[PDB]
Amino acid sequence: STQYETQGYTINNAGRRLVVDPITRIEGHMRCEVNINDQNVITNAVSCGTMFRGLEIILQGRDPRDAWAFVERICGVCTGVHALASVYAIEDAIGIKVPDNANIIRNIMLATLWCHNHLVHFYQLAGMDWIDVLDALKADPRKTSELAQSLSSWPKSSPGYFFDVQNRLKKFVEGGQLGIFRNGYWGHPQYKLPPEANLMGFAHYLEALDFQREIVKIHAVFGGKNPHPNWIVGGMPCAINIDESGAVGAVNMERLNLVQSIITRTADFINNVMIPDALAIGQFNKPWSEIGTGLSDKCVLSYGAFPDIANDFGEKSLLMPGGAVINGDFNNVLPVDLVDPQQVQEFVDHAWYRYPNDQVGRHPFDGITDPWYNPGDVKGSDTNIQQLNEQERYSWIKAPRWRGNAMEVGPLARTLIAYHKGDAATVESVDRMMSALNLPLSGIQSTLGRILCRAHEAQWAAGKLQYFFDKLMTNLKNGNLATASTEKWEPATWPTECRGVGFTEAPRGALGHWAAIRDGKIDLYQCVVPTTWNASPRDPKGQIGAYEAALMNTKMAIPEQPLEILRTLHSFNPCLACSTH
């Protein structure tokens, strides 16, 4: 065994090894390994992406105008965000400026995706780590009604409703076909909700599974379908016609009325179901405000998103702020430049790829994707792995760093950056949330805090949907209908050689696409995605990424049952297809 120090942690691989493969209730394929000491405390953590497809290779030689459609299929969960980054990148390279309505509609597409993905994760992916579903069968329906009514104005709270939900669950398990609930962790000592809170949460799980399908009707209006809507280089294909012949063939007043109806319903569900449930999880699980901190009190990163001034990606335009913090110094939010070769770099010394020199990092305009499956001296063999060897190559995920630092990205990262830059709405929301819990601001830097920030952001994005809708309607009232710029659509109008960067904040964090065009074709296309950051393997200095750091020093009640590991990994909402592409 070996021991070394990094980032205030002691990384020690002596002692008992535990393996979790597959990780479930995520997107895609992940393996996790840890070592635990005699006191059942994690002393080593290993994050492994167990899939790869090679989109960066497939994109070579394609027409730049088609790229969005290929890279949208990086992920069907965060569907649309890669298309957005792609049209941004190609427009940056060629020198295309889109009309204001196209920019507004793109911002509506992104805010819709934030609302949808944050809601589904809370209930369908993370929820069963916190809610003991079988314990809901022991609840009193009247006491469940009283609890729900004390927390929210949401209409659906009668004792008869909670009795009906409880009886549906009782019938489901009566024949011994427990389905998704079979062989779960029910009764583990870390489940702390009372039976009435478990029944309330289970009812809301079912309400959210139904309601999420409605949110994406906004994507169907502007983008044709969800999953995987359509886009164009130059704007959007959804031409507008309000008051002329043939409005039946375009985005007209009846289509915009459908969008408005969905926005109001989405805000209502998030504010009156998701927000009170997140606060209730906090009230009953306060010790988790001190577990899973990881890199969140050290190094955090946001690129920023939602440009309000069309074609302006600067600080005065982005509604979601960008910036970086390192060394735990939240008094110094630093600006990010995605062209600077000394800022974003990716390492592969601990990943399954070839570089000419694996002891240095490469900026994405110098990126290389040359796959090399080489797990080395594993326990087991190369096609039958019992333990990865984390001293050598152990993942399909590359290792991104910012100025050589390992960073956390996502809702908690963005919330810290906006708070410390002085964004008034963020400061007010965070202060009120932490005051309700009687917890210090430092309590947000934790597994519990990641969940709270995600719920905050769903509320923020639902508000921004209305703001963007009203901006669109103001333009239409003023006779400004344009949705596409086509003066640089044809390849003969492009520079013979050019390069560009497209960036945004996906639901899970900072996203960038780097593209080089030569002679009308894609010459290079490199992606660095939020789960690539968070799920990163180690670098040549031995520095650990966000998942490995958040798992360090965690106590386990029952080593064979990985509930504490699942709670902390699920709090980042892992997307493994995104991470590897």
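The first residue of the sequence shown is number 1, and the count goes up from there.
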Task: Mean C-alpha B-factor comparison - 510-518 and 552-560, higher one - done: 552-560
Task: Between 444-452 and 224-232 (mean CA B-factor, as deposited), the higher - done: 444-452
- [ ] Among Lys171, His116, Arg401, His204, single out the one with the highest C-alpha B factor in the record, please.
- [x] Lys171
Open item on the list: According to the Cα B-factor stored in this entry, which of the following is highest: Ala139, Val120, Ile397, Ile215?
Closed with: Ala139
Task: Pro537 CA temperature factor, ranked by third within the chain - done: lowest
Task: Third of chain Cα B-factors occupied by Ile275 - done: middle
Open item on the list: What third of the chain does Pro356 rank in for C-alpha temperature factor, lowest, middle or highest?
Closed with: middle
Open item on the list: Based on the deposited C-alpha B factors for this chain, I'd like to know if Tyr419 is in the lowest, middle or highest third.
Closed with: middle
- [ ] Just say lowest, middle or highest third for the CA B-factor of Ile36 relative to the other modelled residues in its chain.
- [x] highest
